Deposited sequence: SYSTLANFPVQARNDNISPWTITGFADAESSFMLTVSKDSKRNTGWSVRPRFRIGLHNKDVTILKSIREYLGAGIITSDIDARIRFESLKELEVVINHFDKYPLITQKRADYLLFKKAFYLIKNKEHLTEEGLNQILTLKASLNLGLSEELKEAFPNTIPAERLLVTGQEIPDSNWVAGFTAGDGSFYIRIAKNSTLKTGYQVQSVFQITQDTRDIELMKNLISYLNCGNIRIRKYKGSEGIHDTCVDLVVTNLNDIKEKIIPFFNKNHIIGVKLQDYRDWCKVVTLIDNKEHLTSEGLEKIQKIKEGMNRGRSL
C-alpha cells in the first residue's frame, strides 16, 4: 500500500489542475465552466494510477494512447481537496491548486451561473497554468488576473514526498564515457538526477540540504539536481530510497541501478568483461527497457 505523501510528491511532479471554459449555446450564461484534476502517464505505468485510486477511493482510469486518472465530479474533487489540504503541495503547483480550490467553491455554490461569478472564475483561470487563450481573451476583454501566491520557504514535509517526486521527475541512470585515460577503455559512474524548471530552484536547493549531498546544474530554463559521488550514493541515496520506495516501472530501474552501484563499489568497472556485464544491465534500463 502507498503513502499519502508519496501521492503528494508524485502529484507535485505529474499532476495538473485545470479550468475548462468553453462556449455552450444551450446554456444561460452562454458558457460552460468545469474544473478538472488529472494525471497523465505512459501506458506502462497504469498501476501507479490504480494504487492512487485504491488510496483515494475515487477517480476514473482510462488507457488509450496514454494512461490517465481523472477527477471531474464534485464528489471526486472533494476527495482530491480533502487530501491536498491535509497533505499540501510544496512546488509552484500549490499556487495552481489554491486558485483551483477557490474556483471549485464558486462552482459548488452555483455562483458560476451568475455572470459575476463567471467573470470571477476567469480571473482565476487567467492566473492558472498557461492562462487564457486568445479566444477567451477576446470574449472577456481586460480581465484582471487573480493574485498568484509565490510559493517560498517550502520545507520537506516527509521523506515519502521525495520518493514520490523522484518517481515522477527523477532519474536513475549510469554514465559511460569514452575516456582513453582509463585502462578498460571507458569510464563508469552511477548518477542520480532530478529535473525541474528554475521556478522551483529554491526547492531544489533545500532538497540538497535534506539529502545532504548533490550538486545544482543549470542547462543551456530547466534545472537539474545531480549526484555522482559514490560515497553519497552508497550510504545516503540508496538506503533512503530503500526505506522510501519508488513506485512504477522506475522501481525496476532503481533495482538495476543499485545492482550496478555495487559492481562499481567492488571495482568491477575496471575489468573489461565486468564492464560488458555492467553495460548489459544498462540497455535493459530506462529507454532500453521493453
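No alpha-carbon coordinates exist for the deposited sequence positions 1-15, 236-244, 315, given here in order along the chain.
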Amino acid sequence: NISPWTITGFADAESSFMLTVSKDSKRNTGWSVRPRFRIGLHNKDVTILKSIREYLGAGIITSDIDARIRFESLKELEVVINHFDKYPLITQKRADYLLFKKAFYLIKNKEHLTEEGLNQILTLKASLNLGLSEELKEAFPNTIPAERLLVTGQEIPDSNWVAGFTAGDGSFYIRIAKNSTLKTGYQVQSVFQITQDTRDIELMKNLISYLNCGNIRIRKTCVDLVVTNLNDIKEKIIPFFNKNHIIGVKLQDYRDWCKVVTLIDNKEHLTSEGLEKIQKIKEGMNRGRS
From here on, numbers count along this sequence of modelled residues.
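In this crystal structure, the stretch out of 193-201 and 177-185 whose C-alpha atoms carry the higher mean B factor is 177-185. For the pair 140-148 and 96-104, the record assigns the higher mean C-alpha temperature factor to 140-148. Ranking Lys26, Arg68, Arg53, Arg36 by Cα temperature factor from the entry places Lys26 first.
When the modelled residues of the chain are ordered by C-alpha B-factor, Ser22 sits in the middle third. For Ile121, the recorded CA temperature factor ranks within the middle third of the chain's modelled residues. Placement of the Cα temperature factor of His42 within the chain: lowest third of the modelled residues, per the deposited record.
Split the chain's modelled residues into thirds by C-alpha temperature factor. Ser159 is in the middle one. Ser290: CA B factor in the highest third of modelled residues in this chain (values from the PDB entry).
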